[PDB]
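Structure, as structure tokens:
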Amino acid sequence: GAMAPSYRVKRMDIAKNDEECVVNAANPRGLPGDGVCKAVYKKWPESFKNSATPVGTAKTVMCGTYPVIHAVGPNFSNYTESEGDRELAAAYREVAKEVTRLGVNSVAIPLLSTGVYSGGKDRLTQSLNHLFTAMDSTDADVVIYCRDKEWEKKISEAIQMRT
Ligand SMILES: COc1ccc(C(=O)NCC(N)=O)cc1
Ligand SMILES: COc1ccc(C(=O)NCC(N)=O)cc1
Ligand SMILES: [Cl-]
């Protein structure tokens, strides 16, 4: 584990992370996709061998020795608010289990069920709170990667608020 487990946020490409493993904002089918998923495919294409996994789950595939944890958040276009919220919480709980199993001291993580899986709603607070609920009991350093200036500030404030 990290000596003093922390949360940090950066606004940059998660494919250029400085952590011991990465979480992909994957689709259920292991397709290259667009956005974060496509950046992850371009950087670690070998990690998309049998990466397909259902909504609300996480499936780790090695690229060399670098673990890619494919986490499938619900697409709120398709899910009800109630069912989508349940599946989004579940995906993050599966990420925490994989991060623990891998024995890593750090993980790069994007906010799941945002952007094209958001159903046209700002889900920063909903997604980040489910991330915290799952990761708080882990001792990995967590580095959250985002792609929005207003989000970077809010995530940073939310981290600093808990101390
Ligand atoms: C390729 O990774 C990234 C990483 C971050 C961004 C981003 O912050 N866009 C919004 C802005 N430029 O205000 C875009 C792409
Ligand atoms: C009002 O609807 C939305 C819908 C989606 C977003 C969103 O996820 N932004 C961050 C990103 N990285 O794409 C923000 C607002
Ligand atoms: Cl997404």
Side-chain angles (χ1 to χ4, degrees), residues 1-30 33 35-37 39-41 43-75 79 83-115 117 123-147 151-152 155-156 158-163:
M3 273 303 109
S6 63
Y7 292 105
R8 295 167 55 231
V9 56
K10 300 201 287 176
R11 188 169 59 88
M12 63 173 279
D13 189 359
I14 194 170
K16 300 299 279 261
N17 76 75
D18 193 27
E19 287 70 64
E20 290 184 359
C21 67
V22 70
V23 176
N24 186 24
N27 58 71
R29 297 176 185 280
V36 166
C37 190
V40 169
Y41 184 70
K43 186 54 66 175
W44 305 284
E46 298 90 335
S47 75
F48 287 69
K49 182 163 177 260
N50 295 306
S51 65
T53 198
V55 172
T57 75
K59 184 166 190 180
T60 302
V61 183
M62 303 311 297
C63 174
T65 73
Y66 188 79
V68 181
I69 307 168
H70 298 271
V72 184
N75 180 359
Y79 282 90
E83 201 76 349
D85 187 69
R86 186 185 55 74
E87 288 296 5
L88 179 54
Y92 282 117
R93 289 186 308 267
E94 299 301 304
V95 168
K97 291 177 193 174
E98 287 294 280
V99 166
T100 300
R101 184 185 62 80
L102 288 165
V104 293
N105 291 335
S106 68
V107 53
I109 195 168
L111 291 186
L112 302 178
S113 292
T114 63
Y117 279 16
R123 297 188 183 272
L124 187 169
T125 298
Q126 172 177 27
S127 188
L128 179 62
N129 284 339
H130 286 323
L131 187 163
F132 289 152
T133 296
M135 298 308 293
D136 278 350
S137 65
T138 76
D139 62 4
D141 283 334
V142 169
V143 182
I144 300 167
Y145 286 77
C146 71
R147 299 198 167 192
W151 279 37
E152 180 187 10
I155 297 162
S156 186
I159 293 166
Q160 289 309 122
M161 285 283 298
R162 326 170 80 206
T163 265

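Position 1 is the first residue of the sequence; numbering continues from there. Heavy atoms only: backbone and side chains are in, while hydrogens, waters and symmetry mates are out.
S113 and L88 get closest at one heavy-atom pair: OG-CD1, 3.6 Å. Taking every heavy atom of both residues into account, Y117 and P28 meet most closely at OH-CD, 3.7 Å.
Counting only heavy atoms from C-beta outward, the side chains of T100 and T138 approach each other to under 4.5 Å. Looking at heavy atoms from C-beta onward, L111 lies in side-chain contact with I155 at the 4.5 angstrom threshold. No side-chain heavy atom of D85 sits less than 4.5 Å from a side-chain heavy atom of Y79. Using a 4.5 Å heavy-atom cutoff, the side chains of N105 and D141 are not in contact. Residues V143 and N17 form no side-chain contact, since every pair of their non-hydrogen atoms from C-beta on lies 4.5 Å or further apart. At least one side-chain heavy atom of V95 sits under 4.5 Å from a side-chain heavy atom of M135. Two residues are said to be in side-chain contact when any heavy atoms from C-beta on lie closer than 4.5 Å; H70 and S47 meet this criterion. Within the 4.5 Å cutoff, side-chain heavy atoms of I69 are placed close to those of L102.
Residues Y92 and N129 bring no donor and acceptor atom of their side chains to less than 3.5 Å of each other.
Residue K10 places its NZ atom among more than 12 non-hydrogen atoms of other residues, nucleotides or ligands, all under 6.0 Å distant. Few gaps surround CZ on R101; more than 12 heavy atoms of other groups in view lie less than 6.0 Å from it. Enclosure of atom OH in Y41 is not indicated, since only 12 or fewer non-hydrogen atoms of other residues, nucleotides or ligands lie within 6.0 angstrom.
Ion pairing of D136 with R162 is present here, as a side-chain N (NZ or NE/NH1/NH2) and a carboxylate O approach within less than 4.0 Å.
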Side chain to side chain contact (heavy atoms under 4.5 Å, CB included) for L131 and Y7? Distances and angles first, verdict last. CA-CA 11 Å; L131 187 163; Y7 292 105; 3.9 Å; yes
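The side-chain hydrogen bond (donor to acceptor under 3.5 Å, both in side chains) test with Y145 is passed by exactly one of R11, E19, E152: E19. Applying side-chain contact (heavy atoms from CB on, under 4.5 Å) to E98 and the options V107, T60, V104 leaves one that passes, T60.
Checked against salt bridge (charged side-chain N to carboxylate O under 4.0 Å, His left out), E94 has the following partners two or more places apart in sequence or in another chain: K97.
Interatomic distance, CD1 of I144 versus CZ of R8, reported as 10.5 Å (0.5 Å rounding). To the nearest 0.5 Å, the span separating CZ on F48 from SG on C37 amounts to 4.5 Å.
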